[PDB]
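Q: Please read through the structure below; I'll follow up with questions.
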Amino acid sequence: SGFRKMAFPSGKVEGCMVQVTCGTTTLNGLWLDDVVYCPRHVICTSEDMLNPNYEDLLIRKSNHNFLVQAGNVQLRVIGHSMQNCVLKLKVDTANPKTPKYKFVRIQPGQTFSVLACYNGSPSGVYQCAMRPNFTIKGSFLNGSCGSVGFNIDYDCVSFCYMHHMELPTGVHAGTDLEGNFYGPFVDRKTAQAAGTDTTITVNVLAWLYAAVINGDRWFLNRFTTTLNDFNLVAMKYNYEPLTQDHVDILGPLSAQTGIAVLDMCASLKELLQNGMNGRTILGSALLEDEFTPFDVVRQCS
């Protein structure tokens, strides 16, 4: 029993974290084999950041301008390269602690673990979701750039996020490990609109199914609904549409509790139209959309 915000163990990622200094700028790098991946904005001065030409700035750099540190050991840089918005630094030593890994690109509504680091050292691990508007609500401070998001599938680490910037809203933007930003965002100090967010319907439902398993069932009703009937309510309240794929995905939790997916859509319909009526679900007066059906099934079965 119990249902909690839960991260992957951070060990295999901890072993990959290093400190990258270009001139006056220090942030975090990921060390896999003999390549260190970090945000390319590490080569920008304060000035540069208003209007960076990354091509000209990197042409002007030498392998010596990059200082890489694994603990207090210097890793000699022997090559430097850009792929989209990530800098790749070739070092002379393969990371012995390199695990089995992949670079994956995630969608809105998918959760991942963040290991927030400063100066190549780990501070903590937390869980979050890619928002519908391709940002994340992280906990980041100065020098946290290059911290990474990941899932662990058996022994294999799937790196899905590298932290690049905080927007005026105080929410977070970054890239996959191929340097392609999530969302319209750019590694330029400009005006950049977070872009109105929405709620993750399939996740809220996952959370309701969790609620049920942990004995919290007051919001269950006899009403029912069609998918098109659900989504018409959804759009009104800035919830994302629900698709037969989302329905399918919820299949096992439904099997687990015997509560038909569309019956849960009837519970949720009611909560959106009437409110919780002074109530709480797992203690919250709010509906929780950053747990996936996967995350719920993992913890509650």
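Quick note on naming: the chains in the structure tokens go A, B, ... in the order shown, residues restart at 1 in each chain, and ligands are numbered from 1 in order of appearance.
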Please list as a count of residues only every residue within 8 Å of residue 288 of chain A, counting only C-alpha atoms and excluding residues in the same chain fewer than 3 positions away.
A: 4
Q: Would you mind listing what lies within 6 Å of residue 160 of chain A as a list in words, with only C-alpha atoms counted and same-chain residues fewer than 4 positions away left out?
A: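 Final neighbour list, sorted by chain and number: residues 104, 105, 149, 150 and 176 of chain A.
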Q: Counting only C-alpha atoms, which residue out of A:141, A:300, A:49, A:281 sits closest to residue 187 of chain A?
A: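 The shortest atom-to-atom distance to residue 187 of chain A comes from A:49.
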Q: Among segment 133-274 of chain A, which ones does DSSP place in strand (DSSP E), written as a short mmCIF file (atom, residue, chain, number, x, y, z; two decimals) with C-alpha atoms, in the first residue's frame?
A:
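So part_12.cif came out as:
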data_model
loop_
_atom_site.label_atom_id
_atom_site.label_comp_id
_atom_site.auth_asym_id
_atom_site.auth_seq_id
_atom_site.Cartn_x
_atom_site.Cartn_y
_atom_site.Cartn_z
CA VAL A 148 19.38 15.55 -16.84
CA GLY A 149 16.05 13.74 -16.80
CA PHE A 150 15.85 9.97 -17.21
CA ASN A 151 13.95 6.72 -16.73
CA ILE A 152 15.49 3.32 -15.82
CA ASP A 153 14.16 0.29 -17.77
CA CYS A 156 19.19 0.62 -19.10
CA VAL A 157 19.04 4.42 -18.51
CA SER A 158 16.86 6.33 -21.06
CA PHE A 159 18.09 10.00 -20.98
CA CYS A 160 15.16 12.22 -22.11
CA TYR A 161 15.99 15.75 -20.78
CA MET A 162 18.86 18.21 -20.36
CA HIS A 163 18.12 21.46 -18.44
CA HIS A 164 18.95 24.71 -20.41
CA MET A 165 16.83 27.63 -18.94
CA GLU A 166 14.17 29.04 -16.55
CA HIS A 172 11.87 25.15 -16.94
CA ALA A 173 12.89 24.44 -20.59
CA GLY A 174 15.50 22.13 -22.13
CA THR A 175 16.38 19.58 -24.77
#
Q: In Å to one decimal, how far is atom CA of residue 77 of chain A from atom CA of residue 63 of chain A?
A: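 Answer for the atom CA of residue 63 of chain A to atom CA of residue 77 of chain A separation: 5.4 Å.
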Q: Do you have the atom CA of residue 90 of chain A-atom CA of residue 116 of chain A distance handy?
A: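 Separating atom CA of residue 90 of chain A from atom CA of residue 116 of chain A is a distance of 23.4 Å.
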Q: Go through A:94, A:6, A:167, A:250 and flag the residue nearest residue 128 of chain A, using only C-alpha atoms for the distances.
A: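 Closest to residue 128 of chain A of all the choices is A:6.
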